[PDB]
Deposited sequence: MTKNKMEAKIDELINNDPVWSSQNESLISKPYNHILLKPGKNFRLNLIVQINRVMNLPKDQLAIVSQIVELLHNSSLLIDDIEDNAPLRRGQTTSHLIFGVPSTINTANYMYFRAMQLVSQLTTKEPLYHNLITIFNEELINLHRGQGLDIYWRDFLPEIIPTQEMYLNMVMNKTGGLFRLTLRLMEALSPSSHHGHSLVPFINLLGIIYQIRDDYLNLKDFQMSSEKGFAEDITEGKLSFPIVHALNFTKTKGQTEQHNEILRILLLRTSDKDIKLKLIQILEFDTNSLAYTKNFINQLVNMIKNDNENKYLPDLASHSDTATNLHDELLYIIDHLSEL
């Protein structure tokens, strides 16, 4: 009867219950409490693409799974205690379950791609898009983490920083857009260059506000090669400002939560390298590239301000 139960088990598909499904979904469901704005960007873009609502909703579900899962992983990789003022998933469910659940969701997302179309040519394209951007997202993340964890072995320049962003942040943006463009039953030049720009603006502003809001500035504690930090390191290098250059490095290397020390790094950025003003300006120019796109080379606005 032992052998009989084994026969039954190996001839059936692996058993999995809704109760099991809920257990593994816990770390994921916790971050859901943190979507209205990203859905808006998708609805807006769909005016140019025109996917039928149902197909649109699946793209949205795919994009929500990747977004949320990648943030669960990112918070573990950044040792972040909070995400939108709430305790991070891994601190509640543990790093092990959270890594597994986030990765599980990548593949659930991958499965939804199959429900976008039954046309084999188009399907293959969609998987190829998914695959390529997840690959880019990972390269970008990998390089960002490498710079941070091997500091001070490599100090990126602005150009290296911008390529890392095109991979990382650009991956998620282009994935949503490229899927939508491949599905369009319609719509002008591709909006990829435009979504790339949005992604870059999004990341620099994210780096900028992390330091500006403090002026918690968790990016400092993390040791991240942020856009303002990249500017300051290369500024001090260039001007031969040895002590300042080394002091930025020292603070980043402390992995500090000390408010006083964080403020000091901010003092260097405000008074010595003027990196926060330089970033504010850099962002404004990226944005004016669109505000001033009268001939619609990028455009097919409100979203670019609430990015």
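- Absent C-alpha positions map to the deposited sequence ranges 1 to 4, 39 to 40, 193 to 194, 224 to 229, 315 to 330, 338 to 340, in order along the chain.
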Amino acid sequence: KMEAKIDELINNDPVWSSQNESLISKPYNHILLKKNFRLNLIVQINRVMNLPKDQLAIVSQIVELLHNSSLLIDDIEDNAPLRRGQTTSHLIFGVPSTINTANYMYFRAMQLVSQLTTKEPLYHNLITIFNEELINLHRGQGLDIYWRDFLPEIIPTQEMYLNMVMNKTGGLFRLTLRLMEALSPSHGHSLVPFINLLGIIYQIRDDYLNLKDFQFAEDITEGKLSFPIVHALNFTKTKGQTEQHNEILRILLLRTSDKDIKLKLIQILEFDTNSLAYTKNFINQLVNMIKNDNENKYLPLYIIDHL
From here on, numbers count along this sequence of modelled residues.
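- Compared with other entries of the same protein, residue 36 falls in the group left without coordinates by at least a third of them, where both flanks are modelled.
- Modelled in this chain, residue 119 is likewise resolved in all the other entries of the protein that span it on both sides, not missing from even a third of them.
- Note on 198 to 206 vs 116 to 124: mean CA B-factor is higher in 116 to 124.
- Annotation for 65 to 73 versus 51 to 59: the higher mean temperature factor (C-alpha) is found in 51 to 59.
- Per the PDB entry, 34 shows the highest C-alpha temperature factor of the residues 34, 250, 26, 255.
- Across the options 168, 187, 90, 148, the residue with the most elevated CA B-factor in the record is 187.
- For residue 213, the recorded CA B-factor ranks within the highest third of the chain. Only modelled residues enter the ranking.
- Split the chain's modelled residues into thirds by C-alpha temperature factor. Residue 81 is in the middle one.
- Per-chain ranking of the deposited C-alpha B factor places residue 236 in the highest third.
- In the PDB entry, a CA B factor belonging to the highest third of its chain's modelled residues is recorded for residue 299.
- In this PDB entry, residue 290 carries a Cα temperature factor that places it within the highest third of its chain's modelled residues.
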